[PDB]
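For reference, the structure is listed below as structure tokens.
In what follows, chains are A, B, ... by sequence order, proteins preceding strands, each numbered from 1. Atom set for the values below is all heavy atoms of this structure, side chains included, hydrogens, waters and symmetry mates excluded.
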Amino acid sequence: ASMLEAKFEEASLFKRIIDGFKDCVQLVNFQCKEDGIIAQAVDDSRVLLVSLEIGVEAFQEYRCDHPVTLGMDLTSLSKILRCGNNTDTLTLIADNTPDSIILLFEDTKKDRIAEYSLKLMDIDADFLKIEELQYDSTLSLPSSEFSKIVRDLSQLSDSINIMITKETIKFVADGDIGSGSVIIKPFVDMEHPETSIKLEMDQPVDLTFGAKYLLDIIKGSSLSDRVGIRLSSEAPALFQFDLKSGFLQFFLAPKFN
Amino acid sequence: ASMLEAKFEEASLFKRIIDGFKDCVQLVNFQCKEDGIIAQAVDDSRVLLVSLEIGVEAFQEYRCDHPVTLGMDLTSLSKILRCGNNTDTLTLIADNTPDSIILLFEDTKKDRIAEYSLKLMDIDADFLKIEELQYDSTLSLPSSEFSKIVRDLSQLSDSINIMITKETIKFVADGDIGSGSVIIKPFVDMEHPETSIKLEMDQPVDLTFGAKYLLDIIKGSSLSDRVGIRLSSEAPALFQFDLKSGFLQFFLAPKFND
Amino acid sequence: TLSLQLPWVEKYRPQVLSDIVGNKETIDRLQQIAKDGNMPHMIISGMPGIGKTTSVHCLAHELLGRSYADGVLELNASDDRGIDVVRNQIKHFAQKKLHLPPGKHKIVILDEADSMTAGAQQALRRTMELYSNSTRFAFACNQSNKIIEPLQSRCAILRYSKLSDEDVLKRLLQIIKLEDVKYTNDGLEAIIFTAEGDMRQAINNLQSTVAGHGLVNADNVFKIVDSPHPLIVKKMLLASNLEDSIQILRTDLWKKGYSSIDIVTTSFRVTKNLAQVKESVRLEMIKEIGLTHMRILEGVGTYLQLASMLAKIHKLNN
Amino acid sequence: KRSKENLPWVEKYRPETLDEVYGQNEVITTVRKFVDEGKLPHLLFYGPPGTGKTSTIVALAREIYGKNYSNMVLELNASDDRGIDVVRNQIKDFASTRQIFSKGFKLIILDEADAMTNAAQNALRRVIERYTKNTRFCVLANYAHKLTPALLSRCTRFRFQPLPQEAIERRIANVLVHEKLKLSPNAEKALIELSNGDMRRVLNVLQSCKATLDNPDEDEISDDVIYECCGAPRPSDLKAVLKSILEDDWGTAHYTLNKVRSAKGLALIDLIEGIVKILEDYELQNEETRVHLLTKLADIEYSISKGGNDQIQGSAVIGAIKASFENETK
Amino acid sequence: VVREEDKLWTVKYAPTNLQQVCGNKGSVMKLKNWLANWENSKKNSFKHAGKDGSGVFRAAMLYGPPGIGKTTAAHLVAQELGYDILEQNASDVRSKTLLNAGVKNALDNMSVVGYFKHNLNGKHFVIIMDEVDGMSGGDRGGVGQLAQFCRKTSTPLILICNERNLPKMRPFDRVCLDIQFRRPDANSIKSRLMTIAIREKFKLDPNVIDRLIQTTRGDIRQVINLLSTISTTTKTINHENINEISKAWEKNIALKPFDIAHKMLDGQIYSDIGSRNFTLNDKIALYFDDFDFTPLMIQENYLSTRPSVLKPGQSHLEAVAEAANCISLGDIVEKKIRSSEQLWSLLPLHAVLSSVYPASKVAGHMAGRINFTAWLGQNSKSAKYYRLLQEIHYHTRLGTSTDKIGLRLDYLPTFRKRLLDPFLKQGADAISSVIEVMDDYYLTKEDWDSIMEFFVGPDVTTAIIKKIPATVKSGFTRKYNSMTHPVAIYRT
DNA sequence: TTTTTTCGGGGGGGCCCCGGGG
DNA sequence: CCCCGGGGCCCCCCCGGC
Ligand SMILES: Nc1ncnc2c1ncn2[C@@H]1O[C@H](COP(=O)(O)OP(=O)(O)OP(O)(O)=S)[C@@H](O)[C@H]1O
Ligand SMILES: Nc1ncnc2c1ncn2[C@@H]1O[C@H](COP(=O)(O)OP(=O)(O)OP(O)(O)=S)[C@@H](O)[C@H]1O
Ligand SMILES: Nc1ncnc2c1ncn2[C@@H]1O[C@H](COP(=O)(O)OP(=O)(O)OP(O)(O)=S)[C@@H](O)[C@H]1O
Ligand SMILES: [Mg+2]
Ligand SMILES: [Mg+2]
Ligand SMILES: [Mg+2]
């Protein structure tokens with residue numbers, strides 16, 4: 001219990017992060033460096049990529065002697081994380097060349113400790129380098145609105161088409177039983193700055209996406225109040241949820257023209 | 001409606017009592033006599049023994065002329081009890097040489113009567129004396145914390161090991177995905193004497209129990225705010241929940257250490 | 001009495017490969033694998049009570065040393081081995097990270113694998129192929145045919161044969177010397193003859209005889225272990241005169257409490273394995289036995305039906 | 001369930017201790033020796049109906065555990081569900097856990113195990129092997145061909161013979177003493193003959209005979225009472241029918257058979273069975289006679305089992321016997 | 001990190017290039033050509049078949065025996081053309097719901113990993129559904145979904161199985177380009193076996209390689225496994241241990257129906273020495289290899305042999321009659337087995353009555369080619385015609401007094417003379433009258449057509465109906481469709 | 001060189017809906 | 001007052017001897 005020691009002030013934060021994307025990917029590699037934790041995963045269909053960054057400022061304490069990698073099955077990690085109370089400090093502990101990690105739940109008001117050991121998995125995956133790309137359209141909208149739109153349009157068709165044009169965002173879910181259309185107009189309210197719908201628009205874009213991947217993405221709405229969507233002509237759409245110190249990004253490949 | 005007439009002022013108490021151990025046993029013999037009702041049952045696997053006692057202080061009125069044995073299937077009894085509102089008094093009625101038990105739900109304010117009959121069953125079970133044993137360790141803790149610990153540990157393994165040592169109680173589970181260990185210590189708070197953990201130890205103990213049986217047992221937490229666990233090597237573990245007048249007890253055999 | 005004496009089949013279960021009698025070539029190969037390492041996927045098939053489970057467990061123990069608890073996953077018929085289990089638990093065990101000595105791998109022991117469903121066996125194929133660099137699979141079964149061909153292709157087949165009377169005698173003498181058992185040559189010969197190459201049966205019979213009578217002689221052994229009824233049936237079917245066959249049926253089988261269904265089934269099996277008689281004659285006798293078996297299954301399980309079957313067989317053999 | 005006197009004699013006279021089991025001295029002595037010195041192995045009891053297997057195992061359980069045996073053993077039979085899931089959960093839990101009441105070993109009794117599926121039997125193998133240190137299994141069976149070889153390899157076998165004559169006589173004497181009944185020697189001989197080694201048949205027939213008496217206190221049960229209540233042919237009837245068949249013409253034999261059957265409403269199957277038993281002792285010069293007798297009588301029995309015309313079947317019996325015995329001349 | 005000495009040889013010497021795979025060169029080339037022209041076919045909507053004819057199939061189906069190299073070949077062809085592979089196997093859940101959720105959304109979706117990695121085809125998916133034979137289930141098993149996707153997909157699809165001649169694979173009858181992988185020849189594998197033996201430092205005789213390849217029945221993986229296990233201790237594979245090695249590693253393979261029929265009907269095994277070598281237990285086991293089809297094959301092929309086991313004075317016809325009698329007895333036993341009593345304990349007896357005994361009575365040399373059982377198709381045809389007869393009978397119930405069998409045997413021949421003959425004789429003028437009859441018995445045009453097929457022998461209506469002028473049939477159809485008709489079973 | 005009947009058991013996929021948490 | 005986890009049925013698919 002010397003190499004890696006990462007103390008979350010509240011165990012709920014890590015559980016929320018895991019729940020954000022545990023239903024899209026199953027086996028994830030978390031690399032802990034001297035700056036923080038980075039995780040990259042690809043779903044079974046190789047269509048959706050999940051990126052997670054947690055900075056050093058997101059921990060009550062953080063100490064990593066040497067860079068380490070930990071392969072975890074998110075199901076078991078969530079199973080363990082459900083055993084912690086809301087008002088408990090969490091500690092991830094690892095040693096050199098670890099076969100397992102230690103999750104320690106500590107309570108200060110009560111002298112009770114809960115130590116769990118999670119067996120690590122051997123995962124052989126290639127780290128894809130996600131270079132920055134100047135997207136055509138940028139959008140920022142409250143997470144609740146996007147989640148409601150996606151859940152409403154999902155039951156109509158297996159696919160949802162987003163058309164961003166001058167001062168307009170259109171979601172269409174034409175299917176078999178019927179069709180659906182929702183039009184969002186950018187607007188800003190000073191009384192409630194957390195409700196404004198911001199759109200920076202350069203080139204018109206019309207992209208079609210699978211509904212199941214949007215349904216998986218919207219599960220991250222808890223982490224961030226406002227979700228950002230960056231869209232290009234053909235490059236994968238980037239759905240980002242911010243975190244106190246870090247972010248959770250979803251890269252979704254559009255359906256071919 | 002002559003021999004046995006026992007009125008629960010609240011019909012929900014009997015429903016809760018039955019629900020506390022309906023998932024453990026199915027066929028149960030209720031012995032009703034002048035000083036109240038008793039019941040003892042053994043699980044089909046014969047690993048768990050359930051013992052219920054209800055005194056006459058738990059009834060608004062209670063009358064039993066001679067001892068009467070009623071063999072019931074707990075599934076049917078739970079079905080019947082689910083048909084009663086929380087604001088109705090519940091009268092249990094039985095006659096001489098009974099082939100049935102009558103459950104009568106009364107709502108005087110609404111003047112609503114709901115009478116149900118449940119056919120009795122012939123169960124050849126003799127009440128086995130649960131001889132008192134001087135246990136090595138005896139502890140008491142809030143039922144909610146024990147339920148949470150059991151539920152958390154059941155996710156890892158099918159067996160949970162309890163170790164009682166000087167000033168320490170440890171629950172350990174080891175499984176395919178990993179392991180877990182929860183350690184508690186006796187703590188007393190005069191401000192709120194319901195979250196306290198009490199322990200009295202004579203000899204340290206270490207016993208392993210099936211997780212499914214503990215999951216079944218913790219369902220009695222809805223009856224009492226505290227649970228008393230008595231453990232002793234070479235003897236079944238006793239889990240007791242105390243009612244207003246009586247109690248519900250679970251005797252669970254430990255797993256063979258081999 | 002609430003005490004129990006540990007059975008000798010458990011008290012004297014071999015703990016190393018050197019203590020396993022019979023199948024010298026296979027045990028030597030297992031010993032070489034254990035000494036060297038790089039265990040391949042293997043399937044071990046044989047008849048009951050010859051040392052398959054013992055061999056697999058000894059190999060795993062000697063290969064993995066102190067890492068046995070962490071690097072061995074044992075599943076048998078008494079456990080759940082459905083498609084979900086294969087797809088989740090076995091896969092997780094295969095993917096588990098566990099540092100091991102330079103030439104060791106995790107071992108999955110699927111005992112009595114012949115009872116596994118086709119779907120689970122199909123699911124095992126890619127799990128075996130993908131994680132062969134850290135996990136190896138050992139199957140133990142009684143019927144190798146039940147293992148699907150794709151799995152057999154990926155495994156090394158190590159078939160076990162019945163133990164010879166010499167190996168059984170050696171093991172029995174070792175156990176007798178350890179336990180200080182009074183015995184006579186005829187008693188051991190009877191034990192070996194009744195065991196029929198099943199070491200577990202021989203050891204159990206010896207222990208039962210010692211407990212019941214102490215002295216292990218022919219009389220006590222036969223008092224404990226009954227004469228195999230298949231041999232009585234074989235004598236009945238090969239009798240020269242119909243009167244002798246009927247006498248055997250009435251005295252050695254019918255009056256001993258053997259059911260008609262058991263007698264007819266044993267007759268069918270013995271006639272099937274009666275190489276001494278011509279195949280066509282055996283086929284005719286099998287036809288008659290099948291007629292009688294159908295009649296018994298319809299509910300007429302009387303001694304008259306068996307007598308008629310014997311008479312028809314005698315007519316055929318004339 | 002008022003009193004023990006409202007029970008059928010088969011259940012009212014069930015042995016309670018090993019000392020009351022008759023006709024199985026070898027097995028009883030061996031199992032008692034095993035229990036006394038704490039050397040009980042896994043047991044298999046193979047035998048025909050009504051020989052004392054269930055009674056013996058229950059008495060052994062009482063001997064080991066005492067009056068409260070029912071809560072210390074796991075008894076499963078054909079009337080219960082014994083699938084693979086049951087073996088995996090209930091039997092496994094019972095075998096791997098300590099006794100609640102005492103500190104002794106644990107007994108599992110799988111009565112009528114021949115009715116268990118192959119999958120459950122296979123699942124039981126490692127359960128038996130793994131928990132031998134603290135658990136023992138007892139299997140009971142009437143048909144060994146339904147038991148897998150793996151299960152047979154793990155058990156020590158005891159065969160329950162058909163009850164000898166002497167055990168039946170002693171049990172009958174006990175029942176007569178308890179019931180205040182009188183049985184004539186010939187009546188006892190006939191009862192033992194018709195029992196075929198099954199105690200349940202003896203008890204049921206004796207109860208029926210008692211119910212058949214006008215005044216059981218003084219009236220005695222004779223062979224006539226036994227034959228009347230069971231509706232079975234008398235030895236004299238069988239001898240007369242066989243003599244008529246073997247020594248008279250077709251008309252006389254047919255008339256004699258019809259008259260004998262109609263006198264007491266006898267069944268043709270009983271006559272055929274009795275005549276087969278009688279003929280089994282005949283010393284026949286030619287084997288063809290016996291072959292034809294056996295084959296034709298078996299065919300007639302099989303035909304009767306499915307119904308048919310009774311008169312034609314009786315004539316067939318007469319003709320078959322006559323034709324078969326025609327071969328004895330040369 | 002993993003030492004190369006701790007790897008299985010099947011992994012160490014896996015083919016890393018398409019030219020390193022031994023055998024089935026033609027099938028590999030066919031698959032390469034089909035996958036390389038997938039875009040060209042797409043531009044033509046998969047309508048213009050090419051030179052090889054692989055232009056109308058949007059999905060390939062590779063099948064063959066185990067261990068030939070189907071998976072490696074498919075993977076290598078996928079990588080060489082630059083595509084991205086989306087592979088699934090029996091280790092994953094592939095039911096109706098899971099298939100409609102995961103793979104359905106990838107048949108027309110860009111590969112995010114392909115986008116980030118970057119050829120013009122690296123952003124597309126080549127779905128490889130391996131071990132389709134293991135997809136247990138019917139409509140919900142996902143096999144039907146994969147068959148449907150083979151008809152609709154925007155990217156190449158590859159399906160790999162072992163036994164394509166399986167009922168569960170029927171939905172894939174004509175949906176994919178079939179590609180056969182066959183037992184590779186000994187010469188192709190000999191080079192790799194020699195190379196492996198040289199690298200592993202053990203003695204391998206070149207001649208022994210042929211026997212080893214014969215033992216494994218063209219299973220290269222099993223050959224390498226056997227080589228490893230033998231070289232473990234015995235490093236000298238000489239000619240003094242060929243028999244022991246071959247007999248120790250002889251895979252127990254269940255014979256196929258044609259092979260079972262050929263072996264059971266061979267007269268050699270029924271001779272004294274042949275019976276001593278191939279015992280009765282062996283014949284019963286051969287029956288048990290496939291107990292559902294063996295009796296059918298024996299019944300089909302027991303009249304097409306030249307016997308070599310005839311008794312002195314017995315002719316072929318008498319042996320055939322005895323075999324037929326025993327086949328009838330076996331059929332009765334089979335009826336007993338598949339009843340409410342479920343008397344499966346009689347299965348061995350059936351083996352003797354249905355297959356072994358009749359085969360032994362006519363065993364010899366095949367006088368032709370083993371034919372598949374014709375009883376199944378005949379039974380299906382009989383069921384179809386019985387359903388049609390039931391429909392016709394319950395349409396005419398209100399007018400007739402008979403059962404369905406009586407309708408077939410008595411009524412229909414007379415119905416023909418009032419329904420078909422007037423058209424043949426009068427022509428168009430016979431229209432109305434016919435309809436009149438059709439109205440009196442609630443007959444529909446479909447009922448007319450169905451009735452016109454029951455007749456056999458000299459009264460077959462196929463050619464006769466086909467010869468009627470088209471104008472008469474058109475007039476009949478128009479007149480029937482231009483009028484209201486009564487209905488018998490007016491379900492509500 | 002292709003493709004069937006019945007109980008009972010077992011397995012495995014699919015919902016359904018109560019309960020409990022937020 | 002509304003959403004999510006997980007027990008319980010419901011439905012369908014395949015075996016069956018030594
Ligand atoms: N070759 C052997 N050498 C010594 N003891 C043996 C041998 N074979 C069997 N035994 C003994 O019999 C007991 C059972 O042996 P097992 O290994 O369980 O046989 P098995 O092949 O696994 O039987 P099945 O196929 O599971 S019914 C062992 O504990 C040993 O005590
Ligand atoms: N040895 C016996 N001694 C005295 N009574 C016996 C004996 N055997 C059978 N009986 C009587 O017959 C009744 C039934 O005996 P059981 O022990 O049930 O025979 P069983 O062999 O277990 O029958 P099966 O195998 O289930 S058909 C007993 O209650 C006794 O009344
Ligand atoms: N044509 C081949 N050439 C060289 N090695 C082969 C060949 N086929 C099989 N092998 C060897 O056996 C191993 C497995 O080959 P596979 O590609 O899995 O064959 P397969 O036909 O797909 O087996 P199935 O159908 O999944 S049982 C390879 O890694 C090779 O080591
Ligand atoms: Mg074994
Ligand atoms: Mg019994
Ligand atoms: Mg493959």
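- The aromatic ring of E:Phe258 sits over the base of F:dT1, with ring centres less than 5.5 Å apart and planes inclined by under 30°.
- Between F:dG10 and D:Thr117, a contact under 4.0 Å exists linking OP1 or OP2 to a side-chain N or O.
- Comparing the P positions of F:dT4 and G:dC18 gives an interatomic distance of 28 Å, to the nearest angstrom.
- When distances are taken from the side chain of E:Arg338 to each of F:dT4, F:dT6, F:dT1, the shortest belongs to F:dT6.
- The CG atom of B:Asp19 sits 10 Å away from the P atom of F:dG20 (whole-angstrom rounding).
- Salt bridge status for C:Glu112 with C:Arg81: absent, with no side-chain N to carboxylate O gap under 4.0 Å.
- Of the candidates C:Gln122, C:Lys91, C:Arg87, C:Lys91 is the only one forming a side chain to side chain donor-acceptor pair (under 3.5 Å) with E:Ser91.
- Here the separation of F:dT2 from G:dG17, taken at their P atoms, is 32 Å to the nearest Å.
- When each of E:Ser339 and E:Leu166 is assigned the nucleotide of DNA chain F with its nearest heavy atom, E:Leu166 is the one assigned upstream, toward the 5' end.
- Residues A:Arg82 and E:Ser136 both approach DNA chain G. Their nearest nucleotides, taken by heavy-atom distance, put A:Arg82 toward the 5′ side.
- Taking the charged nitrogens against the carboxylate oxygens, E:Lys336 and C:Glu298 do have a contact shorter than 4.0 Å, which makes a salt bridge.
- Between D:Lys92 and C:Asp79, at least one side-chain nitrogen of the basic residue sits less than 4.0 Å from a carboxylate oxygen of the acidic one, meeting the salt-bridge criterion.
- Judged by the sign of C1'-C2'-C3'-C4', the furanose ring of F:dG8 adopts a south, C2'-endo-like conformation.
- Among the atoms of the strands shown, base atoms are found under 4.0 Å from some heavy atom of E:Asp292.
- In this structure, E:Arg140 does not reach the F:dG14 phosphate: none of its side-chain N or O atoms is under 4.0 Å from OP1 or OP2.
- Note on A:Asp19 versus A:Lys15: salt bridge recorded, some NZ/NE/NH1/NH2 to OD/OE distance being below 4.0 Å.
- Residues E:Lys335 and E:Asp331 are not paired through a salt bridge, judged by the lack of any N-O separation under 4.0 Å between the basic side chain and the carboxylate.
- Nucleotides F:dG14 and G:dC9 qualify as a pair under the Watson-Crick or G-U wobble definition, both contacts being shorter than 3.5 Å.
- Atom CG in A:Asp23 sits about 8 Å away from atom P in G:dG5, given to the nearest Å.
- In this structure, F:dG22 and G:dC1 make a Watson-Crick or G-U wobble pair, each of the two defining distances being under 3.5 angstrom.
- In this structure, E:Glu334 atom CD and G:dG17 atom P are separated by 15 Å, rounded to whole Å.
- Look at CG on E:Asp289: it is 16 Å from P on G:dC18, rounded to the nearest Å.
- In this structure the side chain of E:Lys256 reaches within 4.5 angstrom of the side chain of E:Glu163, judged on heavy atoms.
- Of the candidates G:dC18, G:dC13, F:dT6, G:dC13 carries the atom nearest the E:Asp139 side chain, counting heavy atoms from C-beta on.
- Atom name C1', nucleotides F:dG13 and G:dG8: the rounded distance is 15 Å, in whole Å.
- Side-chain atoms of E:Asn165 and base atoms of F:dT2 include a donor and an acceptor less than 3.5 Å apart.
- In this structure, B:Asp152 places its CG atom 15 Å from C1' of G:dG5, rounding to the nearest Å.
- Proximity of C:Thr117 to the phosphate of F:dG10: no side-chain N or O atom is located under 4.0 Å from OP1 or OP2.
- Between D:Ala120 and E:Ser95, the residue anchored closer to the 5' end of DNA chain F is D:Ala120, taking for each the nucleotide with the nearest heavy atom.
- Counting non-hydrogen atoms under 4.0 angstrom, E:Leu98 reaches the backbone sugars and phosphates but no base.
- Residues C:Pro48 and C:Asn142 have side chains in contact (heavy-atom distance under 4.5 Å, counting atoms from C-beta outward).
- Stacking is found between E:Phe288 and the pyrimidine-like six-membered ring of the G:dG17 base under the 5.5 Å centre-distance and 30° plane-angle cut-offs.
- Here, F:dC16 and G:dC4 have their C1' atoms 14 Å apart, quoted to the whole Å.
- For D:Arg88, a side-chain nitrogen or oxygen approaches OP1 or OP2 of F:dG11 to under 4.0 Å.
- In this structure, E:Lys336 reaches neither bases nor backbone, as no heavy-atom distance under 4.0 Å exists between it and the strands shown.
- In this structure, F:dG21 is classed as anti because its glycosidic torsion departs from zero by more than 90°.
- Between the CG atom of E:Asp133 and the P atom of G:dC14 there is a distance of 14 Å, rounded to whole Å.
- Annotation: of the two residues near DNA chain G, B:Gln155 and D:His145, the 5′-most nearest-nucleotide partner is B:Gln155.
- As rounded to whole Å, 11 Å separates atom P of G:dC15 from atom CG of E:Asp290.
- Across G:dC18, F:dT6, F:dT3, the shortest atom-to-atom separation from the side chain of E:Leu376 is found for F:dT3.
- Whole-Å rounding puts the D:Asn118 CG to F:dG10 P distance at 11 Å.
- Contact annotation for E:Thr373: no contact, since no heavy-atom pair falls under 4.0 Å across all strands.
- Among G:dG16, F:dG14, F:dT4, the nucleotide with an atom closest to any side-chain atom of E:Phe293 is F:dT4.
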